[PDB]
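Visitor: Data file data.cif (mmCIF, C-alpha atoms and all ligand atoms) is appended below.
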```cif
data_target
loop_
_atom_site.label_atom_id
_atom_site.label_comp_id
_atom_site.auth_asym_id
_atom_site.auth_seq_id
_atom_site.Cartn_x
_atom_site.Cartn_y
_atom_site.Cartn_z
CA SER Y 1 0.00 0.00 0.00
CA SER Y 2 1.00 3.67 -0.30
CA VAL Y 3 1.35 6.57 2.05
CA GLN Y 4 -1.32 9.23 1.54
CA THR Y 5 -0.61 12.96 1.48
CA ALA Y 6 -2.38 16.31 1.67
CA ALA Y 7 -0.84 19.69 0.95
CA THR Y 8 -1.53 23.38 1.56
CA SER Y 9 0.36 26.59 0.85
CA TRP Y 10 0.08 30.31 1.48
CA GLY Y 11 1.75 33.57 0.58
CA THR Y 12 4.27 34.22 -2.15
CA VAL Y 13 7.39 32.80 -0.40
CA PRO Y 14 5.38 30.52 -0.22
CA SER Y 15 4.98 28.48 2.90
CA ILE Y 16 4.05 24.86 2.11
CA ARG Y 17 2.87 22.14 4.51
CA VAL Y 18 2.64 18.50 3.43
CA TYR Y 19 0.90 15.98 5.71
CA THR Y 20 1.57 12.25 5.27
CA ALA Y 21 -0.58 9.43 6.61
CA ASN Y 22 1.72 6.42 6.90
CA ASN Y 23 0.82 3.19 8.64
CA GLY Y 24 -1.70 4.82 10.99
CA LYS Y 25 0.13 8.05 11.79
CA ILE Y 26 0.08 11.57 10.26
CA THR Y 27 3.19 13.77 10.27
CA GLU Y 28 4.09 17.12 8.70
CA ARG Y 29 6.89 18.51 6.54
CA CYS Y 30 7.38 22.26 6.10
CA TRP Y 31 8.83 24.63 3.50
CA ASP Y 32 9.38 28.34 4.40
CA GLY Y 33 11.63 29.12 1.42
CA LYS Y 34 14.90 27.59 2.66
CA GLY Y 35 14.66 23.79 2.79
CA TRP Y 36 12.25 21.16 4.06
CA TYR Y 37 12.04 20.59 7.81
CA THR Y 38 9.79 18.63 10.17
CA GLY Y 39 6.72 20.29 11.63
CA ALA Y 40 5.09 20.01 15.04
CA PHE Y 41 1.98 18.14 13.82
CA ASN Y 42 1.70 14.50 14.96
CA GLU Y 43 -1.72 12.83 15.19
CA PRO Y 44 -3.17 9.37 14.48
CA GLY Y 45 -4.93 8.68 11.25
CA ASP Y 46 -5.19 6.51 8.21
CA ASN Y 47 -6.48 9.31 5.95
CA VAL Y 48 -5.76 13.05 5.87
CA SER Y 49 -7.07 16.18 4.20
CA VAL Y 50 -6.21 19.85 4.85
CA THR Y 51 -7.33 23.40 4.20
CA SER Y 52 -5.94 26.76 5.35
CA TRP Y 53 -6.78 30.46 5.24
CA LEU Y 54 -5.15 33.75 6.19
CA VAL Y 55 -6.38 36.53 8.44
CA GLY Y 56 -3.93 39.25 7.54
CA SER Y 57 -0.58 37.44 7.74
CA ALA Y 58 -1.83 34.89 10.30
CA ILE Y 59 -2.27 31.37 8.92
CA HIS Y 60 -5.04 29.06 10.16
CA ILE Y 61 -4.65 25.38 9.24
CA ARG Y 62 -7.27 22.65 9.62
CA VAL Y 63 -6.21 19.03 9.23
CA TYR Y 64 -8.94 16.35 9.04
CA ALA Y 65 -7.58 13.01 10.31
CA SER Y 66 -9.67 9.87 9.89
CA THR Y 67 -9.49 6.32 11.27
CA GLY Y 68 -12.37 3.98 10.63
CA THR Y 69 -15.49 6.15 10.52
CA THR Y 70 -14.17 8.84 12.89
CA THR Y 71 -12.76 12.11 11.58
CA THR Y 72 -10.99 14.46 14.01
CA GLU Y 73 -10.19 18.08 13.13
CA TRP Y 74 -6.86 19.51 14.30
CA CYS Y 75 -6.29 23.27 14.33
CA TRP Y 76 -3.17 25.43 14.02
CA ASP Y 77 -3.79 29.08 14.82
CA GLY Y 78 -0.28 30.29 15.56
CA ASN Y 79 0.32 28.74 18.99
CA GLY Y 80 -0.10 24.98 19.19
CA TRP Y 81 -2.21 22.25 17.61
CA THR Y 82 -5.63 22.11 19.28
CA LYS Y 83 -8.67 19.87 18.69
CA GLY Y 84 -11.43 21.45 16.63
CA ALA Y 85 -15.18 21.19 16.99
CA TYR Y 86 -15.75 19.22 13.75
CA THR Y 87 -18.02 16.21 14.09
CA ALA Y 88 -19.82 13.99 11.67
CA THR Y 89 -22.03 10.91 11.94
CA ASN Y 90 -20.37 8.45 9.57
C1 LIG L 1 -3.95 3.06 2.94
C2 LIG L 1 -4.06 1.58 2.64
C3 LIG L 1 -3.80 0.63 3.63
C4 LIG L 1 -3.39 1.07 5.01
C5 LIG L 1 -3.92 -0.71 3.31
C6 LIG L 1 -4.29 -1.17 2.04
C7 LIG L 1 -4.55 -0.21 1.03
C8 LIG L 1 -4.43 1.14 1.37
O1 LIG L 1 -4.75 2.12 0.41
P1 LIG L 1 -3.77 2.68 -0.73
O2 LIG L 1 -2.36 2.46 -0.32
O3 LIG L 1 -4.26 4.01 -1.18
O4 LIG L 1 -4.16 1.61 -1.86
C9 LIG L 1 -3.50 0.40 -2.13
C10 LIG L 1 -2.54 0.39 -3.14
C11 LIG L 1 -2.16 1.66 -3.86
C12 LIG L 1 -1.93 -0.82 -3.48
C13 LIG L 1 -0.89 -0.86 -4.57
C14 LIG L 1 -2.31 -1.97 -2.80
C15 LIG L 1 -3.27 -1.98 -1.79
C16 LIG L 1 -3.89 -0.76 -1.44
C17 LIG L 1 -4.96 -0.68 -0.35
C18 LIG L 1 -3.67 -3.25 -1.06
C19 LIG L 1 -2.83 -3.75 0.11
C20 LIG L 1 -3.18 -3.47 1.44
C21 LIG L 1 -2.37 -3.97 2.46
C22 LIG L 1 -1.23 -4.73 2.22
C23 LIG L 1 -0.39 -5.25 3.36
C24 LIG L 1 -0.88 -5.01 0.90
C25 LIG L 1 0.35 -5.83 0.60
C26 LIG L 1 -1.68 -4.52 -0.13
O5 LIG L 1 -1.34 -4.85 -1.45
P2 LIG L 1 -0.50 -3.91 -2.45
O6 LIG L 1 0.22 -4.77 -3.42
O7 LIG L 1 0.22 -2.90 -1.65
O8 LIG L 1 -1.71 -3.18 -3.20
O9 LIG L 1 -2.72 -3.74 3.81
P3 LIG L 1 -2.32 -2.42 4.64
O10 LIG L 1 -2.23 -2.76 6.08
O11 LIG L 1 -1.21 -1.73 3.94
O12 LIG L 1 -3.69 -1.65 4.34
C27 LIG L 1 -4.42 -2.66 1.79
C1 LIG L 2 -9.25 -7.89 5.49
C2 LIG L 2 -9.18 -7.27 4.11
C3 LIG L 2 -10.30 -7.30 3.27
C4 LIG L 2 -11.58 -7.95 3.73
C5 LIG L 2 -10.19 -6.73 2.00
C6 LIG L 2 -9.03 -6.13 1.53
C7 LIG L 2 -7.91 -6.10 2.38
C8 LIG L 2 -8.01 -6.67 3.65
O1 LIG L 2 -6.90 -6.64 4.52
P1 LIG L 2 -5.67 -7.67 4.40
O2 LIG L 2 -6.10 -8.80 3.55
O3 LIG L 2 -5.09 -7.90 5.74
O4 LIG L 2 -4.67 -6.76 3.53
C9 LIG L 2 -4.54 -6.85 2.13
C10 LIG L 2 -3.46 -7.57 1.63
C11 LIG L 2 -2.47 -8.24 2.55
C12 LIG L 2 -3.30 -7.65 0.24
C13 LIG L 2 -2.14 -8.42 -0.35
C14 LIG L 2 -4.23 -7.02 -0.58
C15 LIG L 2 -5.32 -6.30 -0.09
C16 LIG L 2 -5.47 -6.22 1.31
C17 LIG L 2 -6.63 -5.43 1.90
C18 LIG L 2 -6.29 -5.61 -1.03
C19 LIG L 2 -7.45 -6.37 -1.65
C20 LIG L 2 -8.74 -6.32 -1.10
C21 LIG L 2 -9.76 -7.02 -1.74
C22 LIG L 2 -9.56 -7.77 -2.90
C23 LIG L 2 -10.70 -8.51 -3.55
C24 LIG L 2 -8.28 -7.81 -3.45
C25 LIG L 2 -8.02 -8.61 -4.70
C26 LIG L 2 -7.25 -7.12 -2.82
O5 LIG L 2 -5.97 -7.16 -3.41
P2 LIG L 2 -4.80 -8.15 -2.92
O6 LIG L 2 -3.94 -8.52 -4.07
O7 LIG L 2 -5.41 -9.19 -2.06
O8 LIG L 2 -4.03 -7.10 -1.98
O9 LIG L 2 -11.07 -6.97 -1.22
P3 LIG L 2 -11.56 -7.86 0.03
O10 LIG L 2 -13.02 -8.06 -0.12
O11 LIG L 2 -10.65 -9.01 0.25
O12 LIG L 2 -11.34 -6.76 1.18
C27 LIG L 2 -8.97 -5.49 0.15
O1 LIG L 3 7.32 26.71 11.35
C1 LIG L 3 6.78 25.40 11.45
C2 LIG L 3 5.37 25.40 12.05
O2 LIG L 3 5.30 26.05 13.29
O3 LIG L 3 4.54 26.04 11.08
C3 LIG L 3 3.15 26.07 11.46
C4 LIG L 3 2.60 24.67 11.60
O4 LIG L 3 2.69 24.09 10.29
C5 LIG L 3 3.42 23.91 12.64
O5 LIG L 3 3.00 22.57 12.83
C6 LIG L 3 4.90 23.96 12.26
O6 LIG L 3 5.70 23.32 13.25
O1 LIG L 4 -10.94 27.98 16.54
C1 LIG L 4 -11.20 26.61 16.27
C2 LIG L 4 -12.43 26.48 15.38
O2 LIG L 4 -13.53 27.18 15.90
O3 LIG L 4 -12.06 27.01 14.12
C3 LIG L 4 -13.10 26.96 13.13
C4 LIG L 4 -13.50 25.52 12.86
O4 LIG L 4 -12.35 24.87 12.30
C5 LIG L 4 -13.95 24.91 14.17
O5 LIG L 4 -14.34 23.56 14.02
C6 LIG L 4 -12.84 25.01 15.22
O6 LIG L 4 -13.30 24.50 16.47
CL CL L 5 15.38 20.65 1.11
CL CL L 6 1.77 21.77 19.03
#
```
The structure given in the file should be rewritten as structure tokens.
Ligand SMILES: Cc1c(C)c2c3c4c1OP(=O)(O)Oc1c(C)c(C)c5c(c1C4)Cc1c(c(c(C)c(C)c1OP(=O)(O)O5)OP(=O)(O)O2)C3
Ligand SMILES: Cc1c(C)c2c3c4c1OP(=O)(O)Oc1c(C)c(C)c5c(c1C4)Cc1c(c(c(C)c(C)c1OP(=O)(O)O5)OP(=O)(O)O2)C3
Ligand SMILES: OC[C@@]1(O)OC[C@@H](O)[C@@H](O)[C@@H]1O
Ligand SMILES: OC[C@@]1(O)OC[C@@H](O)[C@@H](O)[C@@H]1O
Ligand SMILES: [Cl-]
Ligand SMILES: [Cl-]
Guide:
Amino acid sequence: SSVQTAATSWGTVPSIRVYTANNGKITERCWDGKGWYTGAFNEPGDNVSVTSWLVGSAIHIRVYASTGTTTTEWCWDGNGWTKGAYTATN
């Protein structure tokens, strides 16, 4: 089987974030113009999607991590990954 990725970007540098679901776990790689480095995101999941938006120059990232029929939303708003309110009845 294959790892599964999701990607987002912002600005004109740009910043890029790539999330990889590998063998039950999601991790994050980061580009800020000067080489790829490892991000702070680490959460369980077999499937991942992502979206992001800016308020001014402040990025807001939402990562949707799924295992079985449960999807958990993880939020980056400048100061730590927090659990979002997203729910669904799958
Ligand atoms: C994310 C994901 C996991 C965690 C899976 C599987 C798949 C999977 O989806 P994805 O990778 O998108 O799609 C596949 C792709 C692209 C290929 C080429 C596959 C398989 C899948 C399906 C089938 C498959 C699966 C296996 C194992 C051990 C093998 C050998 C295995 O045959 P393989 O010769 O790789 O063929 O179980 P595994 O615990 O990895 O479960 C089942
Ligand atoms: C428990 C279980 C069930 C009930 C599955 C599948 C898997 C599965 O997990 P597991 O067997 O541990 O991991 C896999 C391994 C080790 C290999 C080598 C696999 C697959 C899986 C994934 C992918 C796969 C699946 C298929 C079918 C018909 C094929 C041909 C098929 O490609 P196959 O050449 O076997 O590759 O559907 P199936 O109804 O069997 O659903 C999907
Ligand atoms: O500069 C890297 C970082 O802080 O960027 C914002 C988010 O992508 C974080 O997970 C990541 O560690
Ligand atoms: O500030 C976090 C939050 O309110 O952001 C907007 C949505 O992503 C919500 O699910 C999430 O709880
Ligand atoms: Cl690099
Ligand atoms: Cl964090």
Visitor: Env of residue 41 (chain Y): 10 Å cut, atoms = only C-alpha atoms, seq-sep filter 3 positions within chain, self excluded. Answer as a list in words.
Guide: residues 19, 26, 27, 28, 29, 38, 63, 74, 75, 76, 80 and 81 of chain Y
Visitor: What residues have any atom no more than 10 Å from ligand LIG 4 (chain L) when counting all atoms listed in the file, and can you list them as number ranges by chain?
Guide: Y: 51-52, 60-64, 72-77, 82-87
Visitor: Could you tell me how far CA of residue 43 (chain Y) sits from atom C21 of ligand LIG 2 (chain L), in Å to one decimal place?
Guide: 27.3 Å
Visitor: Considering only C-alpha atoms, return as a list in words whatever protein or nucleic-acid residues lie within 8 Å of region 13-18 of chain Y, sequence-local ones (same chain, fewer than 2 positions apart) excluded.
Guide: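 That gives residues 5, 6, 7, 8, 9, 10, 11, 20, 28, 29, 30, 31, 32 and 33 of chain Y.
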Visitor: Produce a table with one row for each residue of chain Y that has an atom at most 12 Å from any atom of ligand LIG 1 (chain L), each row naming the nearest atom pair and its distance in Å at one decimal; use only C-alpha atoms and all ligand atoms; arrange rows by chain and rising residue number; format as CSV.
Guide:
```
residue,atom,partner,partner_atom,distance
Y:1,CA,L:LIG1,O7,3.3
Y:2,CA,L:LIG1,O2,3.6
Y:3,CA,L:LIG1,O2,6.0
Y:4,CA,L:LIG1,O3,6.6
Y:5,CA,L:LIG1,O3,10.0
Y:20,CA,L:LIG1,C1,11.0
Y:21,CA,L:LIG1,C1,8.1
Y:22,CA,L:LIG1,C4,7.6
Y:23,CA,L:LIG1,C4,5.9
Y:24,CA,L:LIG1,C4,7.3
Y:25,CA,L:LIG1,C4,10.3
Y:26,CA,L:LIG1,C1,11.9
Y:45,CA,L:LIG1,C4,10.0
Y:46,CA,L:LIG1,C1,6.4
Y:47,CA,L:LIG1,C1,7.4
Y:48,CA,L:LIG1,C1,10.6
Y:66,CA,L:LIG1,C1,11.3
Y:67,CA,L:LIG1,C4,10.2
Y:68,CA,L:LIG1,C4,11.0
```
Visitor: Report the distance between CA of residue 35 (chain Y) and CA of residue 56 (chain Y) in Å, rounded to one decimal place.
Guide: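 Between these atoms lies a distance of 24.6 Å.
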Visitor: What is the CA of residue 37 (chain Y)-atom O3 of ligand LIG 3 (chain L) distance in Å, reported with one decimal?
Guide: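 Those two atoms sit 9.8 Å apart.
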Visitor: Calculated over only C-alpha atoms and all ligand atoms, which of the candidates Y:59, Y:69, Y:78, Y:40 has the smallest distance to ligand CL 6 (chain L)?
Guide: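 So, comparing all the options, the nearest one is Y:40.
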Visitor: Please enclose the listed atoms of ligand LIG 3 (chain L) in an axis-aligned box, pad each side by 8 Å, and write out the centre and the three edge lengths in Å, rounded to one decimal, as JSON.
Guide:
```
{"center_x": 5.0, "center_y": 24.6, "center_z": 11.8, "size_x": 20.7, "size_y": 20.1, "size_z": 19.0}
```
Visitor: Identify which of the residues Y:55, Y:12, Y:70, Y:36 lies closest to ligand CL 5 (chain L), counting only C-alpha atoms and all ligand atoms when measuring atom-to-atom distances.
Guide: Y:36
Visitor: Measuring between all atoms listed in the file, which one of Y:44, Y:79, Y:34, Y:58 shows the shortest distance to ligand CL 6 (chain L)?
Guide: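 Looking only at the distances to ligand CL 6 (chain L), the closest residue turns out to be Y:79.
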